[PDB]
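Q: So the sequence lines, in the order shown, correspond to chains H, Z, Q, J, O and P. Start counting the first sequence at 1; every next residue gets the next number (PDB author numbering). Start counting the second sequence at 2; every next residue gets the next number (PDB author numbering). Start counting the third sequence at 1; every next residue gets the next number (PDB author numbering). Start counting the fourth sequence at 1; every next residue gets the next number (PDB author numbering). Start counting the fifth sequence at 2; every next residue gets the next number (PDB author numbering). Start counting the sixth sequence at 1; every next residue gets the next number (PDB author numbering). Just so it is clear, CB atoms sit at the ideal spot from N, CA and C, and this is done for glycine as well.
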Amino acid sequence: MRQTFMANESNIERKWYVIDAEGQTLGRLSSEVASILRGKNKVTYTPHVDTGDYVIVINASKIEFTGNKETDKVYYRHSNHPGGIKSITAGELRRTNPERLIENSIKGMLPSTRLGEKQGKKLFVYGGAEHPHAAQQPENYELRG
Amino acid sequence: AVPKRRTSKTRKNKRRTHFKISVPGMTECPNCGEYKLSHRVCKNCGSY
Amino acid sequence: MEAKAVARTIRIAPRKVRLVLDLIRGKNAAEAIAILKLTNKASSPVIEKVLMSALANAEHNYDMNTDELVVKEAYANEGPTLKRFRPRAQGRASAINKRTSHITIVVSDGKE
Amino acid sequence: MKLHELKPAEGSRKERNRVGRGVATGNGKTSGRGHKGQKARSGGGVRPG
Amino acid sequence: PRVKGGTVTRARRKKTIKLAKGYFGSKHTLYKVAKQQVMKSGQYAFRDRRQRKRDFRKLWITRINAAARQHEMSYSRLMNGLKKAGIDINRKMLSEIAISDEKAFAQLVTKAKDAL
Amino acid sequence: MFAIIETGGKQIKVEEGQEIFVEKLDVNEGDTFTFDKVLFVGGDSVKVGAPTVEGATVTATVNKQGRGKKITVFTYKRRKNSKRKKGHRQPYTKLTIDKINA
RNA sequence: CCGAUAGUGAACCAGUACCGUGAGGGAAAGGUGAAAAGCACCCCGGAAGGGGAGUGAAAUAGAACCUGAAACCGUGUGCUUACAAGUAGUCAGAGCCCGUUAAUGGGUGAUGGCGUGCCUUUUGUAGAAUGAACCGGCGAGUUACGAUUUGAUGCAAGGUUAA
RNA sequence: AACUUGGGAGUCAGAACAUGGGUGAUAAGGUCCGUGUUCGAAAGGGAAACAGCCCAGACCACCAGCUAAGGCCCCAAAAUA
RNA sequence: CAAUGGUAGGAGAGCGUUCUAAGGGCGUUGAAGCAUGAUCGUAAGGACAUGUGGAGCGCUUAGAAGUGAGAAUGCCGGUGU
Ligand SMILES: [Zn+2]
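The following block contains the structure:
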């Protein structure tokens, strides 16, 4: 228990990025955003403290699936009432509410602790090429590869 | 029909959160500077 | 300064005395006399002649001024229990507790 | 000898084993006897031959 | 002659109660239940000294990977370059440099990508 | 004012003025210890020794050769009558860095 | 040899309360102070109880009267807590509040990692197999004689006595 | 490390898995023998969790290194080689 | 240099509790018991400071045992839910 830096509040500096989902694959974009979102690209990554940045997934209406996942790839839920499953296909949740589609994909790639879901609240997804956060000075981030 | 575990002291003091009583209305009397219940007679030179 | 009064082994369960002490704790003694004689609970006549005895100890023994006296501390301690019985349906008895209380009331003029 | 610095011949005496007195003494619970059957009982055991 | 129990059982139970200081409710209070928690606490601490050594090494391999991709390098390609270049400073020290003096860290990545 | 010395089976990042806990050294209190194998010297003139710098040194003065804090080592298995309680207390040497010779 | 759960069932108005038609069964319960010097007198209250004054080294020594543990019940407060899925700890760790048997200190604890009580009985129990409501007391390989084997001591072709 | 004599024992309900076989139906987390492991009496890493499968045997400490089986998009160390 | 996971069991070394012998000590300028503390020893455990308490109690070597409790639908007290 010697010299090892540990970041904390009053030591953290969070930023804002814009990211375009125009031409990207759904789950291959979702996984770089979850690493930006969780503070694992910064040298001062501390596990018990919220590092990480804010991300604005700008477009979100042009995200792409591959194969037959437009009519395959059904999403299920239960109302907690008897016989209460409900389902929607991946291509229909893009024609209807294409922001919930990207929000639920990235959130399944974060932990389910109190900190893990304080971090998915730094996620803002928009269908269409405009965001209302122009006052936060968002930069631009490119997906590797 | 019968308790399966005993009740801890913590769980007992939470149930008793609402087992309390409130003070009465108890305004002051104009005839004698005193205290009486609202809408009742004064128990001290009974006036109303 | 402070003045004290106690009533030992008053035959009322300490759970029941405690509801009425939470009404006068921290009140001005002129307002707490009235709360106790305008309340319908069984311990109220007993608690207020512990309160009037503490105000009497304040003026006579300690030369205080009753106008600015306050209820500083009021509490009930468990006294010793009596053992009783109740006969039941088919030859068996069950236990009755006859529980008592020690009652303490401290008044203070709030100075140092 | 002095009557306050007595001492036995080295090797003549030795402390007795006291079984049934906990786990670290090596003979704690069952006290050397094992688990069940005729021989683990009080007085248990056929007699010789 | 008779030995009676007094003063020894209370002296040894009292020591266990003080090892249970700060436990929730009944287990900082009662002997039988407090003794059981101080046993699991002893056995938990045995593992956790072993496991501290994995946890700290795993979470400065995470910071050298982050600092090495700002010069467009992977972790496994940097740690292979510092091997065949000769440098033998441990992961605890490489990550304390990437935080404090990046000019000396980035001066070492260039020396590792010359060793391939 | 930035050196990396390999004392013990470990490595420390020293800085002129700083106290440092190390393993148990073979010196008495008051005297000075000089360490020969330093791997890195920062500042403005960086020197990355391949295994070592081959010509650098760090000198310290020893303080308070003592034993660590007391730690109990307890172990048991559940339904067997089997446990083990130990005590241990590890020695350390306290030192103060004086001068970093690059 | 015991020292008030011990020692007689009984240290005390014990073969007594009490139980049974009867024969019979059968308890619990010690301690003011050296000395009663056992709180005159005042104050609140119907009294009980109390606050002063006084006796005394001492009155929480005031007649349930030596000391006074735990479970349990309260009153005041330093830090904490109403988006959270808990065998309740442990390892890491900010912020705040303190200052020791003075030493790489003490209290709390945002958040992160890893974690299905104990005993018994079993091939195998987180077990939905057993036992324990909590705390305290006190509750199980003894010693008489004989045999055998080992250590240790005297003496040695001798060694040793019983009543 | 093997044998001899003497003091003290505990055990006589066993279980998966792989292979050679009987029985059963080339059924059973079946049953019964041969052989080898390891649980019993074995904690650690992998098979999500998971006595018996794979790897490997914990004297104590460390905010040091490199390897095993299994791994390297992120939950989650390590190639979006 | 080498060894040190462990149930049934075998073997070794110890810690603490009452009473006795001999020796030497401490106590109204406050013993034992009780409570609190951030102390010491590889463990069972040992001190020191303060508070309360009001008359006895440790240490060394040896001896002798009604000598150590968390479990028995255990026994008695008294306190919960
Ligand atoms: Zn009136």
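Taking C-beta pairs closer than 9 Å, name the residues in chain Q that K15/Z reaches, listed in chain order.
A: None at all; the shortest Cβ gap to chain Q is about 16 Å.
Q: What is the rounded straight-line gap between the Cα of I100/P and the Cα of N8/H?
A: Each residue's Cα considered, the two are about 32 Å apart.
Q: With a threshold of 16 other CB atoms inside 10 Å of the CB of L26/H, please say whether the residue is buried or exposed.
A: Classification of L26/H: buried, given that the 10 Å Cβ count is 16 or more.
Q: On the DSSP bridge list, what partners appear for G66/P?
A: Answer by DSSP bridge pairing, in chain order: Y92/P.
Q: Below 6 Å, is the gap between the Cβ of residue 1/Z and the nearest heavy atom of ligand 1?
A: Residue 1/Z is absent from the structure shown; chain Z starts at 2 and stops at 49.
Q: For the beta strand (DSSP E) containing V106/Q, name the first residue and the last one.
A: Segment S101 to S108, the beta strand (DSSP E) holding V106/Q.
Q: In its own chain, which residues sit with a C-beta less than 6 Å from the C-beta of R33/J, not counting the 5 before and 5 after it?
A: Correct list, in chain order: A40.
Q: At 7 Å on the CB atoms, spell out the chain P contacts of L109/O, in chain order.
A: Here the neighbours are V48.
Q: With DSSP as the reference, label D98/P as helix, strand or coil.
A: Strand, per DSSP.
Q: Near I88/H, which residues of its chain fall below 6 Å by C-beta distance, leaving aside the five closest residues on each side in sequence?
A: So the qualifying residues of the chain are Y75.
Q: Three or more C-beta pairs closer than 8 Å, one from the region 5 to 20 of chain H and one from the region 55 to 62 of chain H: is that the case here?
A: Yes, they touch.
Q: Under 7 Å, Cβ to Cβ, is there at least one residue of chain H near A99/O?
A: Yes, because at least one Cβ of chain H sits closer than 7 Å to the Cβ of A99/O.
Q: Is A69/O close to chain H? Criterion is C-beta to C-beta, closer than 7 Å.
A: No, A69/O lies away from the interface with chain H (no Cβ there is under 7 Å from its Cβ).
Q: At 7 Å on the CB atoms, spell out the chain H contacts of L60/O, in chain order.
A: By Cβ distance, chain H contributes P47.
Q: Kindly provide the ranges of any alpha helix (DSSP H) runs that are 4 or more residues long and lie completely inside the region 58 to 131 of chain H, ordered along the chain.
A: Within the region 58 to 131 of chain H, the complete alpha helix (DSSP H) runs of at least 4 residues are 92 to 95, 98 to 107 and 116 to 119.
Q: Please confirm if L36/Q has its CB atom under 7 Å from at least one CB of chain Z.
A: It does not; no Cβ of chain Z falls within 7 Å.
Q: With DSSP as the reference, label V22/P as helix, strand or coil.
A: Strand, per DSSP.
Q: So, are the CB atoms of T96/P and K24/P less than 7 Å apart?
A: In this structure, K24/P does not lie closer than 7 Å to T96/P by Cβ.
Q: Quick check: does the Cβ of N61/Q come within less than 6 Å of any heavy atom belonging to ligand 3?
A: What this structure holds is ligand 1, not ligand 3.
Q: Can you check whether the CB of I35/Q is closer than 7 Å to the CB of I24/Q?
A: Yes.
Q: Please confirm if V24/Z has its CB atom under 7 Å from at least one CB of chain Q.
A: Yes, contact with chain Q.
Q: Pull out every residue of the region 13 to 39 of chain P whose Cβ sits closer than 8 Å to any Cβ of chain J, in chain order.
A: Cβ contacts with chain J come from no residue of the region 13 to 39 of chain P.
Q: Got a sec: is the Cβ-Cβ distance from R48/O to anything in chain H below 7 Å?
A: No, because no Cβ of chain H sits closer than 7 Å to the Cβ of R48/O.
Q: Can you tell which of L82/Q, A7/Q and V46/Q has the C-alpha that lies nearest to the C-alpha of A95/Q?
A: Closest by alpha carbon: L82/Q.
Q: Where does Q136/H land, buried or exposed, given buried means 16+ other C-beta within 10 angstroms?
A: Its Cβ having fewer than 16 others within 10 Å, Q136/H is exposed.
Q: Exposed or buried, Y141/H, counting other C-beta atoms within 10 Å across all chains shown (16 or more means buried)?
A: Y141/H is buried by the Cβ-count criterion.
Q: Could you please give me the residues that DSSP links to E142/H through a beta bridge?
A: Bridge partners of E142/H: none, in fact.
Q: Quick check: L83/O and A107/O, are their CB atoms within less than 7 Å of each other?
A: Not in contact: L83/O and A107/O (Cβ atoms no closer than 7 Å).
Q: Run through DSSP, which three-state label would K15/O get?
A: Reduced to three states, the DSSP call for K15/O is helix.
Q: So if I threshold CB-CB distances at 8 Å, which residues from the region 80 to 101 of chain P count as touching chain J?
A: Listed in sequence order: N81, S82 and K83.
Q: What does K37/Z pair with, by DSSP beta-bridge criteria?
A: DSSP, once it has assigned bridges, lists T28/Z as partnering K37/Z.
Q: Using only CA atoms, which one of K37/Q, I105/Q and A54/Q lies nearest to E73/Q?
A: Considering only alpha carbons, the answer is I105/Q.
Q: Helix, strand or coil, according to DSSP, for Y45/H in the structure here?
A: Coil, per DSSP.
Q: For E103/O, name the three-state secondary structure that DSSP assigns.
A: It is helical.
Q: Does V18/H get closer than 7 Å to chain O when you measure Cβ to Cβ?
A: By this cut-off, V18/H is not an interface position.
Q: Compile a chain-ordered list of the residues in the region 14 to 31 of chain Q whose CB is closer than 9 Å to at least one CB of chain Z.
A: Per Cβ criterion, the list reads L19, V20, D22, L23 and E31.
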